[PDB]
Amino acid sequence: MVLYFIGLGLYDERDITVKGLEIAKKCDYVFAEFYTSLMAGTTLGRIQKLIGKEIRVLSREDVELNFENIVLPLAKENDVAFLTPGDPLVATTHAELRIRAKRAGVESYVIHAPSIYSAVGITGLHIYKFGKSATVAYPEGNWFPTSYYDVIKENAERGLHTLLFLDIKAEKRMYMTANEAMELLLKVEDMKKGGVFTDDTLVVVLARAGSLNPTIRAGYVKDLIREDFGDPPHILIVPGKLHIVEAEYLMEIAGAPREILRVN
């Protein structure tokens, strides 16, 4: 008679917490969505095998328009689990689903999992120094999103790092690469000319966090724009003012150029 929102983690089926696994295995029905992010190191089959249940995957429309018609009805008479990549509530609108659950008289519980939001720690950038985050969205038709550019500007003025979630078109199997994000940002700069993102801007790329060998690279846009960072998912980060120890990590672990040491 309850609903569990359970995160599956960053890259593969084993990124689920022990808590999440033991609970999922005992749920009567298991639902999931894989449109909010990409778990590049696993498959629906491997996940089902792990928890030993058949998983009904839902589309964004199924969730946003019919969560209360598809999932909640079963939660009224059974224990139901709703799985999501990473942490279920981070950079999604799933939190709102708990309100729906309540209205339907269904108690809900959240089981966290490693999220890209904290995995940024592996870039060596102090996590407390990150400011407002944003998402680089694919332009659509004549509509060209640019608010994310202003976020970078605002954080940079404060010396804070900016985390940029990258766009995803799950149904089209399209996952935005850090390269595509950089290209878009350069075009926005050419339009706004705020000196926010140029060929000389230091950026950090984190690809496939959660995997054993994620790609962690740092350097100037002019040098990374055409670099191959491997398969998606990717996140792009625009550091603010660096502490010496952050720069040292970027240099020795992420291959950044020695010049970034002159933080002042």
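Note that residue numbering follows the sequence shown and begins at 1.
Remark: stretch with higher mean C-alpha B factor among 237-245 and 252-260 is 252-260. Set 75-83 against 110-118 and average the Cα temperature factors; 75-83 ends up higher.
In the PDB entry, the Cα temperature factor peaks, among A207, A32, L212, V204, at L212. You'll see in the entry that, of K132, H126, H94, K169, the Cα B factor peaks at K169. Sorting the modelled residues of the chain by their CA temperature factor places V63 in the middle third. Ranked within its chain, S147 lands in the highest third, by CA B factor from the PDB record. Annotation for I6: C-alpha temperature factor in the lowest third relative to the rest of the modelled chain, per the entry. In the deposited entry, the Cα temperature factor of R98 places it in the middle third of its chain's modelled residues. In the PDB entry, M39 places in the middle third of its chain by CA B-factor.
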